[PDB]
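First, one chain by itself: the form solved without the RNA, in structure tokens.
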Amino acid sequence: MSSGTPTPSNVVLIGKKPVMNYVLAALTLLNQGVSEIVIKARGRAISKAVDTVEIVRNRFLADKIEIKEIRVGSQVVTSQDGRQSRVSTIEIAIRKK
């Protein structure tokens, strides 16, 4: 590994995109070379994080898919000014094989 990408490879952030975009994205990552991927979401985006992984584990690979770890908690992040805001963050790590 000597490339160095500013773009994250194994971590995705749930924004305002339709769930279908994230589902196909994770599937593409498996065939791209990433077997363990972590979907990170926060606030009201938590609902999509689970919705995405639930589809992925009950559609393309059910028996063969495996869970790695699931953690939910409030993270201290900074606002646009520089204000400490606590936001409920969730890291979902799944293992594809």
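All residue numbers are counted from 1 along the displayed sequence.
Omitted from view is the form solved in complex with the RNA, to which the following refers.
The RNA in the deposited complex comes within 4.5 Å of no heavy atom belonging to residue 68. When contacts are judged by a 4.5 Å heavy atom cut-off, residue 44 counts as touching the RNA in the deposited complex.
Using a 4.5 Å cutoff between non-hydrogen atoms, residue 87 counts as a contact of the RNA in the deposited complex.
Among heavy atoms of residue 73, none comes within 4.5 Å of the RNA in the deposited complex. Contacts between 15 to 51 and the RNA, taken as any heavy atom within 4.5 Å in the deposited complex, involve 15, 16, 17, 18, 22, 42, 43, 44, 45.
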